[PDB]
Amino acid sequence: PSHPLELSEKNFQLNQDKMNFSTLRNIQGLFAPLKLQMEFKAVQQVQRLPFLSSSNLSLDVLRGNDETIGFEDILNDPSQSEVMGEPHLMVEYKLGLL
Amino acid sequence: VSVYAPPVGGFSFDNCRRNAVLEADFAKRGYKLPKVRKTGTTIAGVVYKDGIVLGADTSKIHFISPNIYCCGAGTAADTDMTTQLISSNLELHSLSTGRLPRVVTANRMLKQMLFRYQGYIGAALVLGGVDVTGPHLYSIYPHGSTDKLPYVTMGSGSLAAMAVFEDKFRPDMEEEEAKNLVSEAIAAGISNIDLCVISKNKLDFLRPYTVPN
Amino acid sequence: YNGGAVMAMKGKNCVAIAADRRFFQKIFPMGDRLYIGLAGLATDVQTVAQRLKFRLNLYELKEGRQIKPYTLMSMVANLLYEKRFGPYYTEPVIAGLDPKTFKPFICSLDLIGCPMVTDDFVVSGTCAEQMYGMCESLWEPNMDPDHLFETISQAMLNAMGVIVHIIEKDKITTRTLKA
Amino acid sequence: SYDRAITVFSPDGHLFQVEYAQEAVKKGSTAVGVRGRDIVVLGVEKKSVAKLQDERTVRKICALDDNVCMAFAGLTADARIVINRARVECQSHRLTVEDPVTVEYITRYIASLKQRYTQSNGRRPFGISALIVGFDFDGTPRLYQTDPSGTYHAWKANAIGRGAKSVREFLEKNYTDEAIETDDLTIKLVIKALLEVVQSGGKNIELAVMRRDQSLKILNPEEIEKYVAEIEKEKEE
Amino acid sequence: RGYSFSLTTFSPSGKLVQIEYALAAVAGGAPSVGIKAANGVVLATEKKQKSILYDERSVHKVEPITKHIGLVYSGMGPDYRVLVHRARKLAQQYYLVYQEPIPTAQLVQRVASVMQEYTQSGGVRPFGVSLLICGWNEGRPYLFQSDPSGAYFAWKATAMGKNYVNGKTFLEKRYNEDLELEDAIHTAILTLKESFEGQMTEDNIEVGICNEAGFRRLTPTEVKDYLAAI
Amino acid sequence: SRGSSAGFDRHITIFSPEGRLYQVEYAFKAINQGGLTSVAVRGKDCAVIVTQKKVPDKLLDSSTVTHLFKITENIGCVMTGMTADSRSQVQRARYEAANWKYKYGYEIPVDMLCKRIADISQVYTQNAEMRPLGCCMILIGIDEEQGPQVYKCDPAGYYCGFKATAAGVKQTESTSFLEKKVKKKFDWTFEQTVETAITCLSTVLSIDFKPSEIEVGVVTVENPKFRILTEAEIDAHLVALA
Amino acid sequence: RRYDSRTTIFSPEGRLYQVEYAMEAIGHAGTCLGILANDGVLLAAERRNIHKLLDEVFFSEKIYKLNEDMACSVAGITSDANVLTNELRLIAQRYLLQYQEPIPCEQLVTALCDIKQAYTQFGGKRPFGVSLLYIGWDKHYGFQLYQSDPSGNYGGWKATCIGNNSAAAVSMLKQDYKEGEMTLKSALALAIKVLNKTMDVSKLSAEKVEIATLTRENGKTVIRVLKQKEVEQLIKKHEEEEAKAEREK
């Protein structure tokens with residue numbers, strides 16, 4: 001698109017998760033990525049409504065990002081966003097109704 | 001995405017197309033645009049008997065940890081941001097662990113973070129420090145490659161300083177001799193000369209870690 | 001397209017910031033005794049000036065205190081460094097007084113936000129090399145507000161009018177000048 | 001039983017939670033709408049007029065667009081969301097198609113929005129009912145009603161809220177082709193319908209009037225008092 | 001009793017009972033005190049590992065966040081560890097963004113905001129800890145407390161944990177505003193000794209201080225010297 | 001999914017009127033389901049772990065029954081509790097050690113590994129989907145600047161470092177015996193540490209051991225690699241002790 | 001009861017018992033008062049964090065500044081009040097960035113009330129147990145005063161009260177409030193009288209009351225918090241006036 005790094009930066013967690021899952025499946029077996037995915041989903045299913053900012057403490061502990069700072073944490077603060085939609089529309093969009 | 005999706009942080013790629021058109025348009029109309037600040041002066045480093053000597057001419061010697069220091073060349077903002085981020089990460093690591101950090105950890109962090117952005121962040125670094133294992137010296141390039149060498153040079157007067165080292169470098173030197181060699185090699189490329197000395201005798205690896213001032 | 005020219009000079013318990021005028025706004029107030037000047041593309045200047053006030057107002061509401069010039073410099077640097085791969089075309093200049101100590105402060109930044117703190121004067125624009133010699137020649141330490149105003153006006157004029165803001169502890173003086 | 005979940009059917013085919021959502025509607029203030037020959041009139045009862053209250057912020061009549069207005073009965077906080085969504089959708093449809101929106105189109109949009117919230121156990125329905133009235137592009141007056149379940153109908157005169165039974169019984173016999181001859185007659189009919197269930201005189205009446213090629217107008221208390229006095233004089237005569 | 005199991009359920013009188021039970025869990029932990037003096041703050045607590053089979057330099061209850069901030073807890077240790085890590089990360093982020101050490105009040109507000117989230121969603125559990133935070137900013141000391149519900153207060157002197165009402169009563173009559181650091185340490189150790197239930201030694205209590213030089217955890221030798229002094 | 005169960009002791013995310021977590025407390029009683037006891041003792045320049053071996057059926061292949069594991073080339077482990085849970089936690093520990101090495105460029109320490117495992121275990125007690133594992137872990141290793149290390153973590157997410165610890169059914173008696181011995185003396189050679197551990201187990205269990213009823217694993221400053229003793233060496237130690 | 005387990009269930013008569021309980025939770029908090037005058041607006045509250053060992057930091061404990069033209073006061077749960085105030089500040093700054101003009105008070109109140117209402121309709125969430133009072137000035141209607149409920153309802157008042165003894169305070173204000181002929185001094189005197197008769201204390205003291213005032217001077221809005229000297233003077237004046245009125249009988 002506009003820049004070579006735009007698509008790479010947008011999809012980084014997904015690629016990292018895919019690489020870790022592939023390595024784990026090749027080394028140990030099918031059970032470990034299954035358990036990791038189920039834990040991720042379980043801890044991610046609880047959080048604030050989409051029009052308010054969350055913290056993601058348990059998910060960060062599970063992923064291991066609780067002792068690391070990146071450029072996503074110091075640039076363009078998502079908590080102090082300059083635009084936000086209507087609450088009901090955001091909640092309906094998260095549910096797939098739109 | 002959509003106006004109904006929550007926002008996310010990080011870099012922004014919104015002005016790319018407009019800038020791409022504008023730069024060519026101004027080029028073919030004959031107007032100038034602001035640029036970025038760059039540094040390209042000579043930096044060197046030598047491994048002596050029980051420490052590391054880092055030198056630069058005029059500060060360009062950054063702080064990473066009480067036992068690790070760095071020098072940079074290229075775009076100033078990139079070097080500043082990378083050094084600050086790595087220093088913060090190493091401080092968090094030391095607080096969690098309770099011991100002074102290792103040079104290999106900093107080298108690995110810098111390698112991975114420079115490789116993630118495919119060389120678009122222009123920062124060439126010279127890294128040195130003293131560990132429980134001993135003194136180590138590295139050299140990192142903007143694309144994400146590293147060399148572990150007993151002496152390195154970067155900048156404009158690289159050839160003269162490298163010649164001085166290849167002519168006059170011997171293993172297991174002294175502090176004064178290493179400092180004199182670094183100063184002579186730096187002066188061979190050209191202001192003043194700035195020297196940083198890291199010594200094993202002034203570091204205690206047995207006491208618990210405390211946050212430095 | 002011409003861009004612009006912004007200058008700042010430091011005196012004795014007072015600062016001055018100047019910009020050129022022809023016969024869009026380039027100097028915006030960010031506090032009681034704090035000013036910022038921008039030079040470059042007009043759209044980018046307006047966008048940066050409007051986005052800085054959002055963060056400044058939120059910071060002053062949450063913290064409960066007046067901001068310091070160094071913190072404003074850091075905020076500007078962060079805002080400029082985000083969008084590093086496609087940048088705004090602006091070159092900020094900051095001049096002001098300490099809200100609690102009343103000490104002068106001047107600074108300059110580049111396209112992507114690399115700060116430069118200088119003790120005597122800073123120059124921004126596309127004619128920095130032309131005005132650097134004049135600033136070096138006509139600057140002397142410990143200048144009274146009238147002398148500082150005269151020397152900054154001369155520096156602007158020797159390189160189409162100018163506007164000069166003089167910041168004092170208890171007053172602000174604005175003067176529009178023509179050659 | 002069979003009433004503790006939104007999506008559970010009774011053994012005889014009833015959804016009891018959606019029926020309970022209408023008991024909230026049956027407890028709101030009375031609203032009356034009458035469709036005239038070339039005019040449309042709305043009227044809402046005013047209840048519990050506090051002394052230190054501002055009446056500007058508690059109005060129950062809203063204007064969705066230049067030719068559509070609406071009145072509601074039920075929960076007050078639920079109506080605001082629907083009103084805002086309809087207001088946005090009107091302009092969106094005006095962007096899509098140049099011609100002004102249709103009363104039936106906006107009623108269908110509101111009905112679909114209300115019906116969307118009776119499909120899952122994770123959300124509760126809207127406890128409101130509305131009277132949508134307006135004019136079409138050709139110039140034919142229209143009147144519609146919406147239910148919390150998502151059904152809508154076309155009417156000639158209707159009432160919602162408490163007292164709807166008596167008001168509808170009055171309207172069924174007092175609504176003829178002679179009482180809608182003029183705007184004054186239609187307004188008098190609406191006031192008479194309201195006065196059946198409203199005590200303390202005509203001080204608890206809010207009226208809205210819309211004509212062809214004009215905007216919504218809210219009658220003044222002096223005009224309401226004048227109409228009430230005329231009605232009383234005619235009744236005494 | 002029907003409203004005592006759910007976290008997102010209001011009682012008919014308008015009460016949330018699970019937060020009260022989390023506070024009860026807090027009230028059953030080891031005692032800890034904190035006193036704000038004229039030129040410093042002192043934090044004291046009672047150790048859990050009261051045995052000879054314990055390695056001294058393994059786990060500590062008094063931890064530093066920044067060079068000028070430290071904290072102690074009363075409640076569940078596992079819940080305390082993750083909050084400590086999050087606080088450290090937040091302080092580092094603030095320094096990176098603003099190029100200036102974070103004030104104590106901002107850190108307390110952010111930590112309380114993190115704690116509040118776990119009291120409004122289903123399928124989770126509130127934290128069972130209460131924190132005491134000390135700092136030094138702009139040449140004056142600070143002392144804060146944070147509840148499991150996400151509310152914070154500023155104190156001159158306070159106690160929490162097992163038998164804290166009598167500790168607060170003792171502090172009320174034993175506290176002086178224009179008080180130095182050494183006498184503050186003596187008063188804190190005496191308040192801890194009031195309800196120790198045993199014999200104190202320099203190996204079953206922890207003390208930390210904060211002053212102009214920054215936060216620092218005291219060594220066992222200094223603790224023994226203070227205990228001998230009093 | 002299913003939904004929480006009403007009661008003060010039937011779900012993991014429900015407090016009691018005294019602020020207790022009975023579901024977490026019930027996971028500490030699953031450690032005694034196996035019926036075995038473990039003992040770990042740290043010496044001057046060595047660390048020893050001793051556990052109990054029980055093979056009731058004569059049709060079992062005794063080579064496949066063990067409770068000592070190798071996490072890294074320099075880290076050993078002993079597990080007490082449910083067998084499948086112990087094996088799963090061993091696999092997770094290996095994965096975490098590999099991640100640490102890849103990310104930081106050097107081998108993980110014992111205390112850092114224990115802290116990571118405890119951090120993972122803490123999450124299971126705050127979410128209404130997972131359940132705690134009924135097992136406890138004990139790790140030994142040699143630090144290049146500190147010496148031998150002994151660490152233990154609990155199902156609740158709590159970990160600590162010791163000079164000598166125990167787990168299983170007779171944990172309290174083992175703790176009292178070790179406390180008396182450590183109070184008497186703490187500076188031991190390699191031969192005295194293993195004898196101390198074996199004597200502790202024998203005295204507490206009131207039994208005379210055969211070389212096929214116990215398992216021994218050691219680390220040493222001279223040889224940092226984790227090693228598992230053989231039947232001949234165990235018999236030699238038992239003969240010397242007797 | 002079988003119809004009061006969650007916010008997404010209707011009773012057979014059409015009621016929301018969880019929302020009713022959340023509204024009932026407000027009665028445990030302190031008293032907050034607001035009065036509208038001809039040349040200003042008033043806000044008076046009651047201090048609850050009274051203790052010999054408590055410290056005094058910040059400017060106030062129950063009054064917050066939202067932007068250059070508005071201020072609010074909360075009653076209920078402090079942890080939820082903090083989130084609500086932060087969201088209000090964000091909304092005001094967003095509108096200012098969008099339009100280069102300050103946000104109107106009713107628009108801000110409606111924006112917050114939509115968020116408050118959204119938490120009473122989707123399951124798995126607990127509604128906010130907070131009530132708020134808003135004061136401000138705008139170019140469309142001038143001085144204004146609003147109120148909000150945990151259910152998402154708001155309204156405009158000339159004098160109102162939330163918290164403990166709210167019914168008695170409202171009755172007294174209704175009995176002894178004049179419409180159209182009030183000034184700041186008379187409003188302050190009425191507020192002092194109402195607070196004295198409302199708080200269950202034999203003698204009122206200046207260390208358990210906080211008063212804020214909003215006004216316009218030279219095209220600027222001024223928000224200030226009164227000092228203990230002024231509060232003491234007002235209390236002394238009220239006491240001596242009451243003594244005079246009693247004696248002249």
# chains A, B, ... in the order shown; residues from 1 in each chain; ligands from 1

$ interface_residues --of "chain E" --to "chain B" --cutoff "8 Å" --atoms "only C-alpha atoms" --output "list in words"
residues 66, 67, 88, 89, 92 and 96 of chain E

$ residues_around --residues "region 216-229 of chain F" --least-positions-apart "3" --cutoff "12 Å" --atoms "only C-alpha atoms" --output "MDAnalysis selection string"
chainID F and resid 38:53 66:78 139:150 189:191 193:195 197:198 211:213 232:238

$ atom_distance --atom1 "CA of residue 82 (chain D)" --atom2 "CA of residue 93 (chain A)"
17.0 Å

$ interface_residues --of "chain E" --to "chain F" --cutoff "8 Å" --atoms "only C-alpha atoms" --output "PyMOL selection string"
chain E and resi 5-6+18+21-26+52-55+58-59+77-79+82+123-125

$ write_last_selection --atoms "N, CA, C and O atoms" --output "PDB file, in the first residue's frame"
ATOM      1  N   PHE E   5     -23.417 -13.954  46.360  1.00  0.00           N
ATOM      2  CA  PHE E   5     -22.549 -14.738  45.491  1.00  0.00           C
ATOM      3  C   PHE E   5     -22.129 -14.004  44.227  1.00  0.00           C
ATOM      4  O   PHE E   5     -21.042 -14.270  43.705  1.00  0.00           O
ATOM      5  N   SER E   6     -22.952 -13.090  43.724  1.00  0.00           N
ATOM      6  CA  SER E   6     -22.672 -12.417  42.464  1.00  0.00           C
ATOM      7  C   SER E   6     -21.958 -11.095  42.707  1.00  0.00           C
ATOM      8  O   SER E   6     -22.236 -10.393  43.684  1.00  0.00           O
ATOM      9  N   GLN E  18     -19.498  -8.611  47.705  1.00  0.00           N
ATOM     10  CA  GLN E  18     -18.215  -9.231  47.391  1.00  0.00           C
ATOM     11  C   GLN E  18     -17.049  -8.284  47.643  1.00  0.00           C
ATOM     12  O   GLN E  18     -15.960  -8.731  48.020  1.00  0.00           O
ATOM     13  N   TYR E  21     -16.399  -8.530  51.247  1.00  0.00           N
ATOM     14  CA  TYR E  21     -15.672  -9.754  51.569  1.00  0.00           C
ATOM     15  C   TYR E  21     -14.205  -9.668  51.161  1.00  0.00           C
ATOM     16  O   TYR E  21     -13.337 -10.214  51.853  1.00  0.00           O
ATOM     17  N   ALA E  22     -13.903  -8.983  50.057  1.00  0.00           N
ATOM     18  CA  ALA E  22     -12.507  -8.731  49.708  1.00  0.00           C
ATOM     19  C   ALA E  22     -11.826  -7.863  50.762  1.00  0.00           C
ATOM     20  O   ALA E  22     -10.667  -8.103  51.126  1.00  0.00           O
ATOM     21  N   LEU E  23     -12.533  -6.850  51.266  1.00  0.00           N
ATOM     22  CA  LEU E  23     -11.983  -6.036  52.345  1.00  0.00           C
ATOM     23  C   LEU E  23     -11.767  -6.865  53.605  1.00  0.00           C
ATOM     24  O   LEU E  23     -10.804  -6.643  54.347  1.00  0.00           O
ATOM     25  N   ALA E  24     -12.663  -7.817  53.869  1.00  0.00           N
ATOM     26  CA  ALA E  24     -12.479  -8.722  55.000  1.00  0.00           C
ATOM     27  C   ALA E  24     -11.244  -9.592  54.814  1.00  0.00           C
ATOM     28  O   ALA E  24     -10.523  -9.876  55.777  1.00  0.00           O
ATOM     29  N   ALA E  25     -10.995 -10.038  53.581  1.00  0.00           N
ATOM     30  CA  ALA E  25      -9.767 -10.774  53.292  1.00  0.00           C
ATOM     31  C   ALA E  25      -8.541  -9.908  53.543  1.00  0.00           C
ATOM     32  O   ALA E  25      -7.516 -10.393  54.037  1.00  0.00           O
ATOM     33  N   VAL E  26      -8.624  -8.625  53.194  1.00  0.00           N
ATOM     34  CA  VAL E  26      -7.528  -7.700  53.474  1.00  0.00           C
ATOM     35  C   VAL E  26      -7.310  -7.568  54.978  1.00  0.00           C
ATOM     36  O   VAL E  26      -6.170  -7.553  55.457  1.00  0.00           O
ATOM     37  N   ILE E  52      13.906 -20.670  60.358  1.00  0.00           N
ATOM     38  CA  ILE E  52      15.326 -20.681  60.030  1.00  0.00           C
ATOM     39  C   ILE E  52      15.583 -21.269  58.648  1.00  0.00           C
ATOM     40  O   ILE E  52      16.661 -21.056  58.080  1.00  0.00           O
ATOM     41  N   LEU E  53      14.614 -21.989  58.081  1.00  0.00           N
ATOM     42  CA  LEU E  53      14.746 -22.612  56.771  1.00  0.00           C
ATOM     43  C   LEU E  53      14.449 -21.657  55.623  1.00  0.00           C
ATOM     44  O   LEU E  53      14.238 -22.115  54.495  1.00  0.00           O
ATOM     45  N   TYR E  54      14.426 -20.353  55.875  1.00  0.00           N
ATOM     46  CA  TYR E  54      14.069 -19.357  54.876  1.00  0.00           C
ATOM     47  C   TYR E  54      15.320 -18.629  54.404  1.00  0.00           C
ATOM     48  O   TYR E  54      16.103 -18.137  55.221  1.00  0.00           O
ATOM     49  N   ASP E  55      15.504 -18.568  53.087  1.00  0.00           N
ATOM     50  CA  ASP E  55      16.606 -17.816  52.499  1.00  0.00           C
ATOM     51  C   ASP E  55      16.258 -16.333  52.524  1.00  0.00           C
ATOM     52  O   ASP E  55      15.229 -15.925  51.975  1.00  0.00           O
ATOM     53  N   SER E  58      15.574 -13.865  49.067  1.00  0.00           N
ATOM     54  CA  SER E  58      14.763 -14.535  48.059  1.00  0.00           C
ATOM     55  C   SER E  58      13.511 -13.743  47.706  1.00  0.00           C
ATOM     56  O   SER E  58      13.292 -13.422  46.535  1.00  0.00           O
ATOM     57  N   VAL E  59      12.677 -13.418  48.691  1.00  0.00           N
ATOM     58  CA  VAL E  59      11.423 -12.709  48.465  1.00  0.00           C
ATOM     59  C   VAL E  59      11.280 -11.627  49.524  1.00  0.00           C
ATOM     60  O   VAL E  59      11.538 -11.868  50.709  1.00  0.00           O
ATOM     61  N   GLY E  77      -0.143 -12.145  48.512  1.00  0.00           N
ATOM     62  CA  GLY E  77       1.086 -11.875  47.798  1.00  0.00           C
ATOM     63  C   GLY E  77       1.027 -12.041  46.287  1.00  0.00           C
ATOM     64  O   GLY E  77       1.556 -11.210  45.534  1.00  0.00           O
ATOM     65  N   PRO E  78       0.426 -13.140  45.809  1.00  0.00           N
ATOM     66  CA  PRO E  78       0.307 -13.316  44.352  1.00  0.00           C
ATOM     67  C   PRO E  78      -0.410 -12.174  43.655  1.00  0.00           C
ATOM     68  O   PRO E  78      -0.031 -11.804  42.538  1.00  0.00           O
ATOM     69  N   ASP E  79      -1.442 -11.604  44.281  1.00  0.00           N
ATOM     70  CA  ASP E  79      -2.103 -10.439  43.704  1.00  0.00           C
ATOM     71  C   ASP E  79      -1.222  -9.201  43.785  1.00  0.00           C
ATOM     72  O   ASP E  79      -1.345  -8.295  42.954  1.00  0.00           O
ATOM     73  N   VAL E  82       1.708  -8.933  40.647  1.00  0.00           N
ATOM     74  CA  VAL E  82       1.314  -8.451  39.326  1.00  0.00           C
ATOM     75  C   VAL E  82       1.055  -6.949  39.357  1.00  0.00           C
ATOM     76  O   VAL E  82       1.386  -6.226  38.408  1.00  0.00           O
ATOM     77  N   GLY E 123     -17.407 -12.926  35.764  1.00  0.00           N
ATOM     78  CA  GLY E 123     -16.412 -13.936  35.477  1.00  0.00           C
ATOM     79  C   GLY E 123     -15.025 -13.660  36.011  1.00  0.00           C
ATOM     80  O   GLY E 123     -14.099 -14.414  35.691  1.00  0.00           O
ATOM     81  N   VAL E 124     -14.846 -12.609  36.809  1.00  0.00           N
ATOM     82  CA  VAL E 124     -13.568 -12.285  37.420  1.00  0.00           C
ATOM     83  C   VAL E 124     -13.772 -12.123  38.922  1.00  0.00           C
ATOM     84  O   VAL E 124     -14.872 -12.293  39.442  1.00  0.00           O
ATOM     85  N   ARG E 125     -12.684 -11.787  39.614  1.00  0.00           N
ATOM     86  CA  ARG E 125     -12.658 -11.666  41.058  1.00  0.00           C
ATOM     87  C   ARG E 125     -11.870 -10.421  41.442  1.00  0.00           C
ATOM     88  O   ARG E 125     -10.835 -10.130  40.825  1.00  0.00           O
TER      89      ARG E 125
END

$ closest_atom_pairs --of "chain E" --to "chain G" --cutoff "7 Å" --atoms "only C-alpha atoms" --output "JSON lines"
{"residue": "E:8", "atom": "CA", "partner": "G:126", "partner_atom": "CA", "distance": 5.0}
{"residue": "E:9", "atom": "CA", "partner": "G:5", "partner_atom": "CA", "distance": 6.8}
{"residue": "E:10", "atom": "CA", "partner": "G:21", "partner_atom": "CA", "distance": 6.1}
{"residue": "E:11", "atom": "CA", "partner": "G:21", "partner_atom": "CA", "distance": 6.7}
{"residue": "E:12", "atom": "CA", "partner": "G:21", "partner_atom": "CA", "distance": 5.4}
{"residue": "E:13", "atom": "CA", "partner": "G:24", "partner_atom": "CA", "distance": 6.5}
{"residue": "E:14", "atom": "CA", "partner": "G:25", "partner_atom": "CA", "distance": 4.0}
{"residue": "E:15", "atom": "CA", "partner": "G:25", "partner_atom": "CA", "distance": 6.6}
{"residue": "E:116", "atom": "CA", "partner": "G:79", "partner_atom": "CA", "distance": 6.4}
{"residue": "E:120", "atom": "CA", "partner": "G:126", "partner_atom": "CA", "distance": 5.5}
{"residue": "E:121", "atom": "CA", "partner": "G:125", "partner_atom": "CA", "distance": 5.5}
{"residue": "E:122", "atom": "CA", "partner": "G:124", "partner_atom": "CA", "distance": 5.6}
{"residue": "E:150", "atom": "CA", "partner": "G:79", "partner_atom": "CA", "distance": 5.5}
{"residue": "E:151", "atom": "CA", "partner": "G:79", "partner_atom": "CA", "distance": 5.6}
{"residue": "E:154", "atom": "CA", "partner": "G:55", "partner_atom": "CA", "distance": 5.4}
{"residue": "E:155", "atom": "CA", "partner": "G:54", "partner_atom": "CA", "distance": 4.6}
{"residue": "E:156", "atom": "CA", "partner": "G:53", "partner_atom": "CA", "distance": 5.4}
{"residue": "E:157", "atom": "CA", "partner": "G:53", "partner_atom": "CA", "distance": 6.1}

$ closest_residue --among "C:1, C:105, C:54, C:139" --to "chain B" --atoms "only C-alpha atoms"
C:1

$ atom_distance --atom1 "CA of residue 14 (chain C)" --atom2 "CA of residue 148 (chain C)"
8.7 Å

$ residues_around --residues "region 63-78 of chain A" --least-positions-apart "5" --cutoff "6 Å" --atoms "only C-alpha atoms" --output "list in words"
residues 7, 8, 9 and 10 of chain B; 82 of chain C

$ write_last_selection --atoms "C-alpha atoms" --output "tab-separated table (two decimals), in the first residue's frame"
chain	number	residue	atom	x	y	z
B	7	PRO	CA	-8.38	2.89	18.09
B	8	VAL	CA	-4.90	1.44	18.48
B	9	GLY	CA	-1.50	2.99	19.16
B	10	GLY	CA	1.81	2.96	17.31
C	82	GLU	CA	4.80	9.64	15.84
